[PDB]
Amino acid sequence: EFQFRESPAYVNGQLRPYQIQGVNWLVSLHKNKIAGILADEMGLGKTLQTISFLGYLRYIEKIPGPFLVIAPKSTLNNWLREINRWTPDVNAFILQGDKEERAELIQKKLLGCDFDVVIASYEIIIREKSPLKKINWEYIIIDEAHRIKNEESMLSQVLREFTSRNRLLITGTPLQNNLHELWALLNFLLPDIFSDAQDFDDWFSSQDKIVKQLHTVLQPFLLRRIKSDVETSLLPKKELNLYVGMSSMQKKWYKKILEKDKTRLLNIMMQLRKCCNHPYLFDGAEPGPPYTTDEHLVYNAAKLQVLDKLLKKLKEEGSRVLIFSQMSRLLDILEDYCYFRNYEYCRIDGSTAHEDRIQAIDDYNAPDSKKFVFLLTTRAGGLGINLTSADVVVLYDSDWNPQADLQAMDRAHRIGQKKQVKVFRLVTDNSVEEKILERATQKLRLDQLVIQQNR
Amino acid sequence: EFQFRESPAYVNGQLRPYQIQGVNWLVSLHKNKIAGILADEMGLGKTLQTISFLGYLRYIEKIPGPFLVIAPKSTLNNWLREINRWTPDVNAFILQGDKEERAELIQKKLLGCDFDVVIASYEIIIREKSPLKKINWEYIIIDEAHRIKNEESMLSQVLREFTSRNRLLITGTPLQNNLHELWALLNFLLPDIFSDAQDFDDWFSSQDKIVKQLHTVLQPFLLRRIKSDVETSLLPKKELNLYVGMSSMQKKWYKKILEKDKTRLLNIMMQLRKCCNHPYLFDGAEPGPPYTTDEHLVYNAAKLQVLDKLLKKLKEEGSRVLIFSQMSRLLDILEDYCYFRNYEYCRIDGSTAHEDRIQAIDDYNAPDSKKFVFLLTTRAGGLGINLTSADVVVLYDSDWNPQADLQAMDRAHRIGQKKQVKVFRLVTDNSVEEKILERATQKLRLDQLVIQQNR
Amino acid sequence: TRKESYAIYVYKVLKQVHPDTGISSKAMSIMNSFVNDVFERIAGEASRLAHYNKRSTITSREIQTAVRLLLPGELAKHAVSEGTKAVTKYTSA
Amino acid sequence: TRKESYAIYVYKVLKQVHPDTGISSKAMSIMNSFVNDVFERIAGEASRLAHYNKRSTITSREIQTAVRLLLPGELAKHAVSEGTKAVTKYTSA
Amino acid sequence: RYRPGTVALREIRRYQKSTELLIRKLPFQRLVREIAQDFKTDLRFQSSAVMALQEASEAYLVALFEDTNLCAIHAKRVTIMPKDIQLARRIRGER
Amino acid sequence: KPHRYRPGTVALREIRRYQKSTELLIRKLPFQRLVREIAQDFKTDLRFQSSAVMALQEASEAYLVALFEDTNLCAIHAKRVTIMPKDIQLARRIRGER
Amino acid sequence: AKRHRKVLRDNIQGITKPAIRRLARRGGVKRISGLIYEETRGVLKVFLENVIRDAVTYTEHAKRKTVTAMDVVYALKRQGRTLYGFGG
Amino acid sequence: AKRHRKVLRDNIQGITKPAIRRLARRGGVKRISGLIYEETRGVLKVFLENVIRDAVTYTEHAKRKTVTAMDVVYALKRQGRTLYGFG
Amino acid sequence: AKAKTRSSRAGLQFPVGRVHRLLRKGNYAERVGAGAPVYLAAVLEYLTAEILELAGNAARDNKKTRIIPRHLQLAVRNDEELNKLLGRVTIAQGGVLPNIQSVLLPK
Amino acid sequence: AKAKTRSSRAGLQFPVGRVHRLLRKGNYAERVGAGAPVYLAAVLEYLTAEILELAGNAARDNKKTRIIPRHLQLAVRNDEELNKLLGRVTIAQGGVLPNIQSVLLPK
DNA sequence: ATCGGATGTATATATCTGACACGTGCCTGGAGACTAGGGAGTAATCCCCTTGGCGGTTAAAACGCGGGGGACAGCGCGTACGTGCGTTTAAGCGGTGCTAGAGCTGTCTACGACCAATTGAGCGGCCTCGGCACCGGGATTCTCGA
DNA sequence: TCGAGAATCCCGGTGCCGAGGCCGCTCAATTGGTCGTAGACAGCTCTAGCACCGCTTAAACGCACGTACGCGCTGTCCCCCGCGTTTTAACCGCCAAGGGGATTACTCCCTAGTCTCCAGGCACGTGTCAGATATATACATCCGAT
Ligand SMILES: Nc1ncnc2c1ncn2[C@@H]1O[C@H](COP(=O)(O)OP(=O)(O)OP(=O)(O)O)[C@@H](O)[C@H]1O
Ligand SMILES: Nc1ncnc2c1ncn2[C@@H]1O[C@H](COP(=O)(O)OP(=O)(O)OP(=O)(O)O)[C@@H](O)[C@H]1O
Ligand SMILES: [Mg+2]
Ligand SMILES: [Mg+2]
């Protein structure tokens, strides 16, 4: 069939050969009338192949049509700018903003069919579902596919109601927790083909009798390209675990929690995690009032006490830092710390407004990049955004799900890095953090050691 | 011993021989230290023997002392006047009147021991008991003894608390209902001698094995003189039963009661008695308002309808009438009837005040006796008073206890009558009145046919 | 496991009273609560009546008395009418 | 016929509390009816608790809980202390 | 002469100090019997039963007058009036 | 000039529209936090069912609505239209709960 | 005519005005509006109707004909007004 | 110092002035004196104290650790406010 | 033979057998007469019928065809017999009766 | 062996055996534990002691040596906790608590 | 503001007195011993439902300002009610007669419990469709300034 | 006064979801005998409620007076309502972990049922002392002339 030998003429820029192979894969799927998962690793231009394939469907098979692209909120500007850079000839816009503006946009453009590509976030989709359900979509494109890993999630349900000629999924981390997630994704891709949960489960029941069958069943539905066997031009990542103890305040509060010491303690896990991260997250442990930010912050927190030394050092080495955390409040603590330390942060979080997010990213990726450290959270700003300017990623606290950390560390070690990436994960000795690290390791091995080793 | 042959010198007037015999009996009892019942018949001067015996105890044994005479309220003036007529040399007064006057009298005379004879009614005795209990009485004299026939009656109890050298009882009708009454009286007379109820009962268990023993036991404790064997000079009474039916109103109301026809009917007996006496005693049966007294009263009441004929007739014969009734309201009806009939009544009842009673009796016993008919009630004014002026006694309605009727009919047929006494008892045919008459007859035969036949 | 309720019976009564209306789930929960409440009231009162009179048996006449005591005014007369009707019909067959 | 009351026991308690005071008969009847009233309250509450928890036995735990529910404030704690003391001593002997 | 009100306080003190019943036995008994006739004709009574009724009735009325006084004082008065009685009953939930 | 209602009209409109509806009137999260804080003082570290908290809120709002009706009647009795703490106190005094 | 003297024209009027004043004085009342007595009589009569209805129900359930102190006590306890001092 | 933003200074204040006004309006009240809110909060707190005490007693007796709808319903019924619609 | 439900024999729509079991396991009395379940079942059926017709009418006046707690509350609180019976009962989602005191209405 | 009353073993004055019988004859539950009568008797005894002590004090304040319903009423209505316990209870011949509103008293 | 004199009230005293505390005989109900059985406590399991925090959205709450109308104080004016006096009428207690009715006793006997077998009715699970909730759009109505 | 004008009501249209209808268990209700005891019945007896009257006496009822209290009117002011702006905290959905509730199986120990004594609680006399009454006396207090 149409094998699409060389780089597209209509697509600007030159794409590397494996990108052409992926585009060919997509075209094959489109003609065969099957939909698959572009599960390529983090960092490679998955957006670029997607745009190329849309350019195919517009300029070869001549179907501009309605195109729906769903993505995390932070990456909507990224998609818009990229589609305006590679094929600046398609009608594309972001369906975001106030509900008044959203309804206005619907009435003008969405109901006027004056569009080709629509970019929307999950919340808008689940919100603006009635008008979108009135369009016979050709392709529905979901970035960050592991978001629908639960089939009862109302995003999953709503997506299972749109009129779609065909579907297509992107995710850098396809397998998250167990097998059932894959069935969840595929039931969205090919509902008729699978339509079976227990049959899928018992066809394998979690040697060679299964894992080989595992590969065989999904060989045509998935495509992965590891960065080691495909790019290689990239210096590899350097990870590190900085084992630390606890300070006096930390130790005291840790026991106080342990022997149950009028405040509500129901999930002991999160209380211990707060303790290990920073005891000031507990109310009142900070001396005062008056509340002053001079220096009592750093020394009574083993995490931050080590952090100050390491950050200052790297400042003399003159590199750039990314800080990921699980908690917005700890992020506030860190921000106050830099305010004391006279650094130039560029904090992003789940409460940050859209254009503020755009402005922050553009600030940190500026030429000469006035900013030093950039404050993040693993969920909100830990997907898709392209902070290649920095070179040192610091995971303040580990996550219960390793792939959420893989995405975070790969937000800097992606194409066009041209540096050495050093990832400094902080752990606390003799604490639950060790346990969460262990469980994350088992969940991650259940993944890498089995499914995607050949890929 | 002192046999007291002839008429007392100190006592005015001449007393008949059997009176001397009774006085001798009393003196014997006094010396023997036993007390007995002067149970002489109605009409003979029982008061006179009592006064004579007191004159004995004052002028022969020389003991003026304290003397207590208890009597029905209506006869107190009679006792006072008689003691002032026969032996007008003794300190005697009536302890009656308002409580203020009563306390005043107590303080002046009773506590001052400035008295010899005290006359009091039952209610005053039971009321003024604390001051009277502070006198060591020599003789306590109870007229109308059948009043204490129940030993739990608070009059009985209170009398069983006074300090009495000796006792003495008067009653024209000693045996009222059964045997137990006699034991009740004798336990007051000789508490130590008898002091036994069940022993008294079973010593006889109610032929000859008993009634002879009955006579023997009480031969010295009792003295009776029938008028037939002693007076031999009084005209004998003429009794008559005027059987009547019922009028329309009476018949109607009688059924209405029978088949239970919103007003309370609990003792059907009294309701039927009211019906038979006069239906106007029921509220509303009288036509009206307006309420007029012309003639509808007489014809719709068989009792009164017969009464009008008989009363009018006897008016042309020109005799005088006594009317006894069981109910004060029926007495009011009769009074209104005479008001219509322009007769001159002199009504007495239980609500009539003391001096009003005196005035009424004196009016009816006046020379030429301006009054024609005299309205009474069997309980209040049916004892002791001396209406010898009249000659026709009409018992409007029978009583459950025959002796209450014997007293009533004997209030006119007593000494110094000098006429023929005609007693007209009215009965209603086919009514409960027949039943009450039957039961009264059995109670009366249980008396006359057994106990006092020899006396 | 299995929870028993008066749902189907209340539904039958409704389809005899208004043969064309419906009742939502919250409302039928409310009817279930009402039925259990009034049942327990009547049963408790009947129980203590039998206790006062030193019987050891709950019978239709104690149910009748407890009904007259609980239900007010016109409700009691019609309720007793309906109950006597039912027991009469029942004992006929 | 014989009628049972709490008279002799209320009198014993009174002679332990005020060793020199008496109680008139009307007040004695008042105390008797008070005792019966509170007994019936506690017993009924324990019955309902045992029914709720699908048990078929009234134990010191149910009586204790019913006392907590009924008696308010300091009376609850004092009464529970008294009762547990008594049951402890009873079991020890 | 005492000024209006003084005797009112005096008799308040007397009657709050005492304990006996305040309605006469026969009037109350007749009223009870008449009321009872409307539910079952030809009823009998026990003296203790009528006394129980009188105790309960007097207690109830005393409580009602306490609440009525509270309402009247609230309305900035000292004289109790039928609207005060009605308000008290409605709030108590007896309407 | 801008349009303004009289100081008493919007109150009547609110009365009508709130007596017409049936939903809850207190915010669910603040009520839940209050319940948890109160309940902590009897036994520490209790869990709740969502239906338990919802039942509590139903009962609480029902109680308060009844109390405000009684308060309003008291205020009218005193010849005002503004309800006041003395009115609440009197209403709870008459109901025998204070 | 002495037959038609008078009747108390009701039994409910036997609850005399002085008696109601005395109950009010025990309740703590100082000054009494002249209209109070009629509402007081009405209130009392309603209260009695409720209690007596219940007591008669108890009585005739027991197949008796005499209303007893215990019937009244149960009726009051039912009403929510426990009464101490009359048995039970 | 962004870590020291604020606290809602109590949970009882979470019953805001507008919410009390809405409850009053449902009750039928037109004007509300400014002091009403404070003792309204007091009254609500007292009521909740009683009911929750009773429900926690029931839960403790059943040896559970979660208060349930049935426990609350029992507490209300015991205090004399039956609630229909939760079991 | 062929089983006939006691509910059938009495012509009822509430379960006589279930009511009998609830009486017998409810610790109301040592013994239970045979007609007690029938009488109680009939009474509960009647009361339910009354509340249901009232609530259905209340719904119909709102041009609605499913009953909801609002309708139940209106039905109960609008008549004196049932209001007195359920005088101390809270109905979740019931709302209140529309009622404004007259002195508050504008002049 | 010589008999010992359950009341004696528990050292009470209220009768455990009678309470046990009343529990078992009152239809409260199918079975009755062994310590329920003891625990209940202890509680009733305590409450009676509390009320009696208060009423005796109230009597002694009136130079009286016999409790009467008036004293019981005074004790109960002056102790706020017992008053809460017996809120809905009428004590015959009890009288009321002396209480005059402050507004009425003369200026 | 302060005395003077009534006037009600509290207190001490002696006297009944009747209600209460006590002593006796009986029976009936509680304690002891023993047996048998079933309720509940215990341990294991698992799964489900609670908890905590974050992410995004957005509607309600908090603050502030202008102004009018509702509460509160003050004043005058009937007017209704408290206080005091003289009469009689109705209540209270008792006495009588009486008889219905309530409570005890002994006998069956009909009814309700208990048990075993079987079946059908009710519960949980699984489907669709109609009733209702937005939702825009015009009509009507009522309010506030004229 | 009548002309804006904001809120409210219908009202047709759309979708949406919660109601209604159908399909397998399983367990609990019905049938059929068999017992045994709760109560219904008849008879007896004695007691306590009813109705009336008699007699006493205290409270209720009608009347007059004057005062202080409730009610209406006026004025002031201030406090609460209505409205606009901003932001923040509620709401709902995600996402993990894991505590805790709910079932099942085992068995044991605690309660019930029975029979046998016996002693404690009840009914019934009986003496007696706490208290209510009456009397006199002292005192606090209130309302009217200086
Ligand atoms: N042909 C190309 N030439 C230069 N840069 C490229 C090319 N293709 C991709 N990139 C780089 O890819 C980056 C954009 O991110 P990218 O599209 O790789 O995200 P992704 O991994 O495709 O998808 P996700 O959003 O899941 O990370 C840009 O920084 C851009 O430099
Ligand atoms: N010695 C006498 N001489 C004249 N008349 C006498 C004499 N004795 C008695 N009487 C008459 O007795 C009448 C007084 O009534 P009396 O004393 O006979 O009543 P009673 O029968 O004694 O007692 P009761 O009062 O029970 O009838 C007077 O009319 C009087 O004439
Ligand atoms: Mg990308
Ligand atoms: Mg004579």
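Order of the sequence lines fixes the chain letters, A, B, ..., with proteins taken first and strands second; residue numbering starts at 1 for each chain.
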> Within a 6.0 Å radius of atom CZ on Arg10(E), are there more than 12 heavy atoms belonging to other residues, nucleotides or ligands?
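Above 12, so yes.
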> Going 5' to 3' along nucleotides 36-57 of chain K, which nucleotides have protein heavy atoms under 4.0 Å from the base (write B), which only from the sugar-phosphate (write S), and which from neither (write -)?
---SSS--------BBBBSSSS
> Verify the contact: side-chain N or O of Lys64(I) to OP1 or OP2 of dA133(K), cut-off strictly under 4.0 Å; return yes or no.
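For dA133(K), OP1 or OP2 has a side-chain N or O of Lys64(I) closer than 4.0 Å.
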> Taking all non-hydrogen atoms of both residues into account, name the closest pair between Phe31(F) and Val53(F) and its distance.
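Reported closest heavy-atom pair: CE2-O, 4.2 Å.
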> Determine the contact category for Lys6(H): base if any of its heavy atoms lies under 4.0 Å from a base atom, sugar-phosphate if only primed atoms, P, OP1 or OP2 are that close, otherwise nothing.
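Sugar-phosphate only.
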> Using five pairs at either end of the helix from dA1(K)-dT146(L) to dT143(K)-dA4(L), determine the angle between the two local helix axes and round it to 10 degrees.
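Rounded to the nearest 10 degrees, the bend comes out at 120°.
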> Considering only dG95(K), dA112(L), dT31(L), which nucleotide approaches the side chain of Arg9(I) most closely?
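The closest nucleotide is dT31(L).
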> Can you check each nucleotide of nucleotides 58-67 of chain L against protein heavy atoms at under 4.0 Å and return B for base, S for sugar-phosphate only, - for none, in 5' to 3' order?
SSSS------
> Tell me whether the sugar of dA31(K) sits north or south, going by the sign of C1'-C2'-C3'-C4' (positive is north, negative is south).
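South.
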> I want to check one thing: is the phosphate of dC142(L), taken as OP1 and OP2, less than 4.0 Å away from some side-chain N or O of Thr6(E)?
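Answer is no, no contact under 4.0 Å.
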> By nearest heavy atom, map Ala11(F) and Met154(A) onto DNA chain L; which one lands nearer the 5' end?
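With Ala11(F) and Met154(A) compared, the 5'-side residue is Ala11(F).
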> Look only at the side chain of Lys129(A) and the backbone of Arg127(A), and say whether a donor-acceptor pair between them is shorter than 3.5 Å.
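Checked: no pair found.
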> Report yes if at least one side-chain N or O of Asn401(B) is closer than 4.0 Å to OP1 or OP2 of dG97(K); otherwise report no.
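So the side-chain polar atoms of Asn401(B) do come within 4.0 Å of the phosphate oxygens OP1 or OP2 of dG97(K), strictly under.
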> Does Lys76(E) make a side-chain N or O approach to OP1 or OP2 of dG70(L) shorter than 4.0 Å?
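Indeed not, no polar side-chain atom of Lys76(E) lies that close.
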> Indicate the atoms forming the closest heavy-atom contact of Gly33(I) with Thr59(C), along with that distance.
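Residues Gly33(I) and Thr59(C), closest heavy atoms: CA-CG2, 4.1 Å.
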> If you compare every side-chain N and O of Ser130(B) against the phosphate oxygens of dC16(K) (OP1, OP2), does one of them come in below 4.0 Å?
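No, because none of the side-chain N or O atoms of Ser130(B) sits under 4.0 Å from OP1 or OP2 of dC16(K).
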> Is a donor on one side and an acceptor on the other found under 3.5 Å between the side chain of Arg77(E) and the backbone of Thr79(E)?
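Judged by distance alone, yes, a pair lies under 3.5 Å.
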> Just wondering, do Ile58(D) and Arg31(J) contact through their side chains at under 4.5 Å, heavy atoms?
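With C-beta onward as the side chain, the pair stays apart.
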> Starting at CD of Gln326(A), measure out to CZ of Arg273(A) and round the result to the nearest 0.5 Å.
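Separation between the atoms: 6.0 Å.
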> Which residue, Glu152(A) or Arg21(I), contacts DNA chain L at a nucleotide closer to its 5' end, judged by nearest heavy atom?
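Final value for this comparison: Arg21(I).
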> Is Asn177(A) close enough to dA96(L) that one of its side-chain N or O atoms is under 4.0 Å from OP1 or OP2 there?
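Yes, such a contact exists.
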> Is there a side-chain contact between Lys65(H) and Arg47(F), using heavy atoms and a 4.5 Å cut-off?
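Sidechains of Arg47(F) and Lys65(H): no contact.
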> Under 4.0 Å between any heavy atoms, over every strand shown, what does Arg16(F) touch: base, sugar-phosphate, or nothing? Just pick one.
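Result for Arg16(F) = nothing.
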> Under 4.0 angstrom, heavy atoms only, what part of the nucleic acid is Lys129(A) near: base, sugar-phosphate, or nothing?
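Nothing: the residue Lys129(A), judged by heavy atoms under 4.0 Å, touches no strand.
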> Take atom NZ in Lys133(B); do more than 12 heavy atoms of anything else shown fall under 6.0 Å from it?
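Check passes, neighbour count above 12.
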> OP1 or OP2 of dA31(K) versus the side-chain N and O atoms of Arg6(J): is any pair under 4.0 Å?
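Indeed, a polar side-chain atom of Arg6(J) lies that close.
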> Please state whether the phosphate of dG112(K), meaning OP1 or OP2, lies under 4.0 angstrom from any side-chain nitrogen or oxygen of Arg24(I).
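No, because none of the side-chain N or O atoms of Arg24(I) sits under 4.0 Å from OP1 or OP2 of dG112(K).
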> On DNA chain K, nearest-nucleotide positions of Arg147(B) versus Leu26(E): which is more 5'?
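Taking each residue's closest nucleotide, the earlier one in sequence belongs to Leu26(E).
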> Side-chain N or O of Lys4(I) less than 4.0 angstrom from OP1 or OP2 on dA29(L)?
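So the side-chain polar atoms of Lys4(I) never come under 4.0 Å of the phosphate oxygens OP1 or OP2 of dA29(L).
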> Hey, does the side chain of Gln271(A) reach the backbone of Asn267(A) with a donor-acceptor pair shorter than 3.5 angstrom?
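Yes; judged by distance alone, with no hydrogens or angles, the pair exists.
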> Kindly point out which of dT83(K), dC72(K), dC80(L) is positioned nearest to the side chain of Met84(F)?
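The nucleotide sitting nearest to the side chain is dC72(K).
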> Return no unless some side-chain N or O of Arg6(F) is found under 4.0 Å from OP1 or OP2 of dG67(K).
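No.
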> Heavy atoms under 4.0 Å is the rule here; annotate nucleotides 116-124 of chain K 5' to 3' with B where the base is hit, S where only the sugar-phosphate is, and - elsewhere.
----S-SSS
> For the backbone of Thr21(D) and the side chain of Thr65(J), can you confirm whether one donor and one acceptor N or O come within less than 3.5 Å of each other?
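Side chain of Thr65(J) to backbone of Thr21(D), a donor-acceptor pair under 3.5 Å: no, none is there.
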> Is any side-chain heavy atom of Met28(D) closer than 4.5 Å to one of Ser24(D)?
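SC-SC contact between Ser24(D) and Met28(D) ruled out.
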> From the set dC98(K), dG95(K), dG15(L), return the single nucleotide nearest to any side-chain atom of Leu155(B).
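The answer is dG95(K), which lies nearest to the side chain.
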> Looking at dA90(L), I'd like to know if its phosphate oxygens (OP1 or OP2) sit under 4.0 Å from a side-chain N or O belonging to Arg33(F).
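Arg33(F) to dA90(L) OP1/OP2: side-chain N or O found under 4.0 Å.
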> Just checking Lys20(F): base, sugar-phosphate only, or nothing, at a heavy-atom cut-off of under 4.0 Å?
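Here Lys20(F) touches no strand at all.
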> So, do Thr16(H) and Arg27(F) sit near enough that their side-chain heavy atoms are less than 4.5 Å apart?
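Not in contact.
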> Using the 3.5 Å cut-off, write out each protein N or O paired with an N or O of nucleotides 21-25 of chain K and the distance between them.
{"from": "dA21(K)", "atom 1": "OP2", "to": "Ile23(D)", "atom 2": "O", "distance (Å)": "3.4"}
{"from": "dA21(K)", "atom 1": "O5'", "to": "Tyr11(D)", "atom 2": "OH", "distance (Å)": "3.4"}

> What's the spacing between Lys26(C) NZ and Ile67(I) CD1 if we round to 0.5 Å?
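The distance works out to 15.5 Å.
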> Are the six-ring centres of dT143(K) and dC144(K) nearer than 5.5 Å, with the two ring planes set at an angle smaller than 30°?
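Yes, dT143(K) and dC144(K) stack on each other.
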> I'd like to check the side-chain contact (heavy atoms from CB on, under 4.5 Å) partners of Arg147(B); sequence neighbours left out, ordered by chain and number.
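Residues passing side-chain contact (heavy atoms from CB on, under 4.5 Å) with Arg147(B): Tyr122(B), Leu155(B), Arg379(B).
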> For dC69(L), does OP1 or OP2 lie under 4.0 Å from any side-chain N or O of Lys30(G)?
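Looking at the OP1 and OP2 atoms of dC69(L), neither is under 4.0 Å from any side-chain N or O of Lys30(G).
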> So, taking the atom named NZ in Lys149(B) and the one named CG in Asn177(B), what distance separates them when rounded to the nearest 0.5 Å?
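One gets 4.0 Å once the value is rounded to the nearest 0.5 Å.
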> Can any side-chain N or O of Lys443(B) pair as donor or acceptor with the backbone N or O of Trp400(B) at less than 3.5 Å?
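Between the backbone of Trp400(B) and the side chain of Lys443(B) there is a qualifying donor-acceptor contact (under 3.5 Å).
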> Do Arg102(A) and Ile124(A) touch side chain to side chain, with heavy atoms closer than 4.5 Å?
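Side-chain contact under 4.5 Å: yes.
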